[PDB]
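Shown next, in C-alpha cells, is the structure this report addresses.
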Amino acid sequence: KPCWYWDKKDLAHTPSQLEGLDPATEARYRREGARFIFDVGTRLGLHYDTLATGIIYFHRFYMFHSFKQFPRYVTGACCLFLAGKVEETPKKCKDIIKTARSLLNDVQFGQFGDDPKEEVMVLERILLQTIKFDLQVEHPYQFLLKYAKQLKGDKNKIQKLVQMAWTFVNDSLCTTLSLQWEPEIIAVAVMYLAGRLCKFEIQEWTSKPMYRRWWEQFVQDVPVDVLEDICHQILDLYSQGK
Amino acid sequence: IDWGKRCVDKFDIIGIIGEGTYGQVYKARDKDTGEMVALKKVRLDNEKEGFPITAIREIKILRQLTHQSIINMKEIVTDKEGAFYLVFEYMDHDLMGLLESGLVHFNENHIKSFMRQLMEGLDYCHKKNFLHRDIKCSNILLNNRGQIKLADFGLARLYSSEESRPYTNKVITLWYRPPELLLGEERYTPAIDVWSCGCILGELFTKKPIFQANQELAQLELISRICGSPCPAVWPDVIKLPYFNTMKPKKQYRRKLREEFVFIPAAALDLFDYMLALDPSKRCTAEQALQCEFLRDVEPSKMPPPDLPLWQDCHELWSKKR
Ligand SMILES: Nc1ncnc2c1ncn2[C@@H]1O[C@H](COP(=O)(O)OP(=O)(O)O)[C@@H](O)[C@H]1O
Ligand SMILES: [Mg+2]
Ligand SMILES: [Mg+2]
C-alpha cells in the first residue's frame, strides 16, 4: 500500500500552490468541493461512509493535480461516482449530473461544459490512476462509535459527546485533516474537542479515572499537541463567523 | 508500487486464454523481466457506467487477500495513448480445462494435494471475513509446479461473523450450488463455499460434475436422490426456508452417498460425506476439512506434481474450442 499522509510543508507545496494559487483560495476550493460532494450524495440518499470516501478521493486527487487545470466540481462528481461503486452503493452518473445541475448556479455548472456526463467519465480513468487504485478507505465514524461504546459514566452526557463529535467529523472532511492524520486519531480528536466544549471529563468514564490522558486506551503514541492541533484546524471553520 | 500508470506495451501479448465478464483474458510476457503474466482487460468506452463495478470488486478484495493459495494481482496497467489491464501471475491451467483435456490423471495423492491447498486458501479467505460464492473448476487455477490458486473473486463479498444479515441468493453456479440456496436462504454462511468444494472433490474422483440439471427444481431433485431428501430429522431448520414446501423432491430419499460413490477411498469418502451435509450447520468448516484424516497430515510442498502437459495450457476456453 502507498503512503497517503503529508506534513504541513507538503500541504503548502501542492500542485495548486506551485502554479501560484494562494493558500486561502485552495482551502476554499477544497471546502466547496467537499460540501458539494456531501450535498449531492445526501440528496441521492447515500451512506455517510460513501460521502466520506468520495471526499477523501477528492482531497487526494489535488495532491497530484492543480485546481487551475482540473475544475473542482467536475472532480467532485467524479469522486462521488467512483465512491458509490467502491462502497457498493452505486448511483448512475446521470443522476449525479442532474443533482449537480440542481445544486449549482449557471457559472459553477459551466465547469461541466457541453457534455457533463462525458466530462465525468473521462476524468474517472485519471482519478483511478491518481489514487493508484487504492480504493479501500476507512473513516473516523466507525472509530468514534467503537471508542465511545467503551465509555461508561453517564448515558446522556456520552450521547451528547458522540452527537457533537459526529458533527465535527463532518466538518473535518472539509479540510486537509484526512491527508494529515489516520481516522483513529481524528476520531479521538473530535471526542477531545467535544469533551472540552461540553466541559466533560472523559477520564472519569474509563477504568483509569485518575489518568488525564484517557485516549491512550484507544490509540498509541498520540501527544496532546497533535490533538490540540486538530482542534484548531476544525475550530477555524467557525472562523469569526461562518 | 503505483498502479495504473505503466503502459501495457511493457508486455508482449501472446494470446487470448479466456473470455471474461468485462474483457478478454490474455497470456503475456513482461518484456523487461521475462515473467509470465495473465492480463484481464477492462474495456471502458463501450459501457456507460464507466469502469466496471465487477472489476472494482475484484480489485478491492484481491488487494486485501495475500495467501499462497489465492491468486495474486500484481499490478494494473493501461493502454497508453483507452482500456486498463489487471495483471496476475500466469497460471498454466485451470481445473475445468485439465479435466476435459484427458491429458492427465489425478490419483489420490494429487487429489490429496489439490484439496489441501484449496482448503487452506478457502480457510484463509473465510477467516478474513469473505465468502467466494463462485467456486467451480474453471475458477481453480493450477501452475506447472502443481500449485493451486483459488481465483475469480468477482462475486465475493464481506460477511458478518458477529451479526447475521441478508445476502444475495443467486450466487454460485447451479451444479455447485448448495441445498439451502436452492430452497431460498438469504442469511447464509461460509458453509455455501464448502458445499461447492465438496462437489469439486467428487468431480476429481469421477469424470464429470456430480450434480447436473438445468433448473433449480430438477437440481435439488438430483441432489436429494443421492444426498437424501431435506427433512427436519437431518435438518431441523429446513422448515424455516421459503421454498421447502414448494420444492419438495419426488420422494423422501434416504442418503445413499457412500453407496453411489463406493469407488472413492475411505478417508476421502468421509470428507466427501462431511462436506456434503444437507444442513449447513452440520457441514464441516474449511478448518475442519483440514483436520480430517484425508488432509490432516498432507504436506503439498513435499509431494511431486502430476505430470501436467508442459506443451499445452489447459484452460476452459481452449477445451471447449477443440
Ligand atoms: N491468472 C491466470 N492465469 C491463467 N489463466 C487465467 C488466469 N486468470 C484467469 N484465467 C483464465 O481466464 C478464465 C476467466 O477468468 P476468471 O477470473 O475466472 O473470470 P470470469 O470467470 O469472471 O470470466 C479462467 O477460467 C482462466 O481459465
Ligand atoms: Mg471465473
Ligand atoms: Mg466470474
Side-chain angles (χ1 to χ4, degrees), chain A residues 2-8 10-37 51-87 111-113 119-139 172-183 186 233, chain B residues 2-8 10 42 44 50-51 56 59-60 63 75-79 82-85:
Chain A
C3 185
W4 296 112
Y5 299 103
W6 292 258
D7 56 36
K8 250 92 172 159
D10 300 337
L11 292 172
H13 285 86
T14 65
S16 299
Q17 319 275 254
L18 286 184
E19 301 205 311
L21 210 67
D22 45 283
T25 299
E26 189 184 344
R28 166 176 127 256
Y29 282 177
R30 290 177 182 263
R31 287 198 304 276
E32 292 174 352
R35 298 187 173 132
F36 168 76
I37 297 174
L51 309 181
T53 282
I55 295 170
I56 268 56
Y57 292 167
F58 175 89
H59 281 295
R60 289 181 175 176
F61 185 89
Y62 285 103
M63 294 306 305
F64 298 92
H65 308 272
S66 168
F67 281 102
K68 293 191 177 181
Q69 310 305 327
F70 292 89
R72 59 189 178 276
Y73 296 131
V74 180
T75 309
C78 192
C79 291
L80 186 56
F81 175 65
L82 174 61
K85 299 194 266 196
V86 176
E87 297 292 359
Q111 292 189 5
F112 291 78
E119 284 289 288
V120 173
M121 308 307 273
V122 183
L123 191 59
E124 184 184 40
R125 289 186 24 92
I126 296 157
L127 171 56
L128 282 163
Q129 290 183 268
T130 301
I131 60 178
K132 292 159 187 179
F133 282 93
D134 192 18
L135 312 177
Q136 176 155 143
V137 168
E138 299 293 313
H139 304 293
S172 75
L173 293 177
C174 297
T175 77
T176 55
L177 276 171
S178 63
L179 298 178
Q180 301 170 234
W181 307 100
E182 299 96 291
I186 298 311
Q233 289 188 238
Chain B
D2 314 347
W3 300 4
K5 299 256 193 223
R6 241 170 275 299
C7 183
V8 67
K10 157 192 163 167
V42 186
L44 266 68
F51 198 92
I56 291 165
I59 293 168
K60 204 207 313 176
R63 257 180 162 264
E75 63 172 336
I76 299 171
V77 295
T78 189
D79 274 343
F84 281 106
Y85 301 80

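Residue numbering restarts at 1 for every chain, and letters A, B, ... go by the order of the sequence lines.
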Worked verdict on A:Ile131 versus A:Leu82 for side-chain contact (heavy atoms from CB on, under 4.5 Å): CA-CA 11 Å; A:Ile131 60 178; A:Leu82 174 61; 3.7 Å; yes
Minimal non-hydrogen separation, A:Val120 against A:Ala77, with atom names: CG2-CB, 4.1 Å
Heavy-atom pair of closest approach, residues A:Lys132 and B:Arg63: O-NH2, 3.9 Å
Donor-acceptor contact below 3.5 Å, side chain B:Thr78 vs main chain B:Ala83: yes
Polar side chain donor-acceptor pair, A:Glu26 to A:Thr14, under 3.5 angstrom: yes
Aromatic ring pairing A:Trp6/A:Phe64, orientation class (parallel under 30°, perpendicular over 60°, tilted between): perpendicular
Parallel, tilted or perpendicular: rings of B:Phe51 and B:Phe84 (30°, 60°): perpendicular
Aromatic plane relationship, A:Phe58 with A:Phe67 - under 30° parallel, 30 to 60° tilted, over 60° perpendicular: tilted
Atom of A:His65, atom of A:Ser16 and distance for their closest heavy-atom approach: O-OG, 4.0 Å
A:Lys85/A:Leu135 under side-chain contact (heavy atoms from CB on, under 4.5 Å): CA gap, chis, key distance, verdict: CA-CA 10 Å; A:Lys85 299 194 266 196; A:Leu135 312 177; over 6 Å; no
Close side-chain approach of A:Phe61 to A:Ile126, heavy-atom, < 4.5 Å: yes
A:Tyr62 versus A:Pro15, closest heavy-atom pair with distance: O-CD, 3.8 Å
Verdict with supporting geometry, A:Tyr5 and A:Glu182, side-chain contact (heavy atoms from CB on, under 4.5 Å): CA-CA 8 Å; A:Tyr5 299 103; A:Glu182 299 96 291; 3.8 Å; yes
Non-hydrogen side-chain atoms of A:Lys8 and A:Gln180 separated by less than 4.5 Å: yes
Within-4.5 Å side-chain heavy-atom neighbours: A:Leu173 and A:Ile37: no
Distance-only polar pair, side chains of A:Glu19 and A:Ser66, donor-acceptor under 3.5 Å: yes
Note, A:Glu124 side chain near A:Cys78 side chain (heavy atom, < 4.5 Å): yes
Heavy-atom pair with the smallest gap, counting every atom of A:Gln111 and A:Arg72: OE1-N, 3.5 Å
A:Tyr57 side chain reached by A:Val86 side chain, heavy atoms, under 4.5 Å: yes
Check: A:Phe70 and A:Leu123 side chains under 4.5 Å, non-hydrogen atoms: yes
side-chain contact (heavy atoms from CB on, under 4.5 Å) assessment of A:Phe81 paired with A:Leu127: CA-CA 11 Å; A:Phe81 175 65; A:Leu127 171 56; over 6 Å; no
CD1 on B:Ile76 to CD1 on B:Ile59, rounded to 0.5 Å: 3.5 Å
Spacing of A:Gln136 atom CD and B:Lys60 atom NZ [to the nearest 0.5 Å]: 6.5 Å
Donor-acceptor side-chain pairing of A:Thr176 and A:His59 below 3.5 angstrom: no
Minimum heavy-atom distance between A:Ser172 and A:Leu177, given as atom pair plus value: CB-CD1, 3.9 Å
Side-chain touch A:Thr130/A:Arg60, heavy atoms, less than 4.5 angstrom: no
Nearest-0.5 Å distance, CG of residue A:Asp10 to CD of residue A:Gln17: 12.0 Å
Student check: side-chain heavy atoms of A:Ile56 and A:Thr53 closer than 4.5 Å: no
